[PDB]
Amino acid sequence: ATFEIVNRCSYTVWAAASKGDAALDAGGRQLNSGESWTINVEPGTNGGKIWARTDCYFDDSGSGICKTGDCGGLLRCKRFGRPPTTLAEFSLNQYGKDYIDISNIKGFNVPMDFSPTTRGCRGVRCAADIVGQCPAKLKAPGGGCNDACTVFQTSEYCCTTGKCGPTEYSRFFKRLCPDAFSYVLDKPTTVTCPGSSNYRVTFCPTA
């Protein structure tokens, strides 16, 4: 599958793509405002994620740091990033279908649209000003709006026991972005697409 990753933000982001134990394609790249990066994701990929990182500094060897979404200090991510990170999530060619969603379960840093570029399904978007409206206790200093599990580490926020309900914090994310997951047991906002669809992820889609 092809993913086109587009930065429509007015600021530079460092895109990342991983399935947790490996990079997808190159794993990461700088995107200046307006730039597009096309990657190829192997069919059958389960549990892939794409996200943006902000305020990064990398040396010539691809080693450094980012204020949101850092993946162990690497430009080319092999593992998932540090919250807060708005997440585009996908599993491809699962018994004939692709499944896509946007998630705020690991917080929010950059607004996002995640849409197919081929026919057969709809896209999803979370483009509200979650950072500006973020509750005081969830605000991240480096930028972004943390999820409550990251901040407080309780069974209820992290849904550790497999039983949990919505919370005042999850409802905040859900109010501003109804089409994104707001906690682990949220009513699913997953979209089912034809197997082997292609996609575009746009950062700051309403910019």
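Residues numbered from 1 in each chain as written, not as in the entry; some residues may be left out. Heavy atoms only, no water.

Its PDB record attributes the structure to X-ray crystallography, giving the resolution as 1.480 Å.

## Concerning the pattern of salt bridges
Keep this limit in mind: In what follows, salt bridge is the name for a side-chain nitrogen of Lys or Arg lying within 4 Å of a carboxyl oxygen of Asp or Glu. By definition, any uninterrupted DSSP run of H or I lasting at least four residues is a helix, any uninterrupted run of E lasting at least two residues is a strand, and each is numbered from the N terminus. Classification of residues uses two cut-offs on accessible area relative to the type maximum, computed with a 1.4 Å probe and protein chains only: under 20% is buried, over 50% is exposed, and between them is partly exposed.
In the structure shown here, the tally under the stated rule is 6 salt bridges. The partner of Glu4 in a salt bridge is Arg200, with the nearest N and O atoms 2.7 Å apart. Remark: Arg200 occurs in strand β13 (residues 199-203) and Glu4 occurs in strand β1 (residues 2-7); sequence separation between them is 196 residues. Residue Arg200 is classed as partly exposed on the basis of its relative accessible area, which comes to 34%.

## What to know about the packing of aromatic side chains
This is how the line gets drawn: The pairing test for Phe, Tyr and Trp rings, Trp by its six-membered ring, is centres within 6.5 Å, and the orientation test on the planes gives stacked under 30 degrees, edge-to-face over 60, and tilted for anything in between. In this scheme, the term charge over a ring applies when either NZ of a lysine or CZ of an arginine sits within 6 Å of the ring centre and within 35 degrees of the ring normal.
For the structure on display, the rule yields 10 aromatic pairs. Taking the centre distance of 6.3 Å and the plane angle of 35° together, the rings of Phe3 and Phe114 count as tilted. Of this pair, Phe3 sits in strand β1 while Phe114 sits in strand β9 (residues 112-116), and the two are 111 residues apart along the sequence. Note on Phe3: relative accessible area 0%, which makes it buried. Following the ring pairs from residue to residue traces out a cluster consisting of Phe3, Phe90, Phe114 and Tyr199. The ring of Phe80 carries the charged tip of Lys49 above its face, separated from the ring centre by 5.2 Å.

## Regarding the state of the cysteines
For the record, the criterion: Working definition: a disulfide is two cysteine sulfur atoms within 2.5 Å of each other.
On inspection of all chains with the given rule, the structure shows 8 disulfides. The disulfide that involves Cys121 links it to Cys193, with 2.0 Å between the sulfurs. Sign of the S-S torsion, about 100° for the bond between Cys121 and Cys193, identifies this disulfide as right-handed. With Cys121 in the loop between β9 and β10 (124-126) and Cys193 in strand β12 (residues 191-194), this pair connects stretches of sequence that are 72 residues apart. A relative accessible area of 1% means that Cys193 is categorised as buried. Between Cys134 and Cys145 runs a disulfide, and the two sulfur atoms are separated by 2.0 Å. Taking the sign of the S-S torsion, about 80° here, the bridge from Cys134 to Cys145 comes out right-handed. Of this pair, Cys134 sits in the loop between α1 (130-133) and α2 (148-152) while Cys145 sits in the loop between α1 and α2, and the two are 11 residues apart along the sequence. Across this residue pair, the class does not change: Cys134 and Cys145 are buried.

## Topic: the side chain of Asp70
Spelled out, the test is: The charge count includes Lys and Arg as positive and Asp and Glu as negative, but it does not include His or the ends of the chains. In this description, contact between two residues means that some pair of their heavy atoms is separated by no more than 4.5 Å.
Looking at the element boundaries, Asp70 is found in the loop between β6 (64-68) and β7 (87-94). Although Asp70 is buried, it makes no salt bridge; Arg53 carries the closest opposite charge, 5.6 Å away. With near-sequence residues (within four places) excluded, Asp70 lies in contact with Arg53, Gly64, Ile65, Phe80, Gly81 and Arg82.

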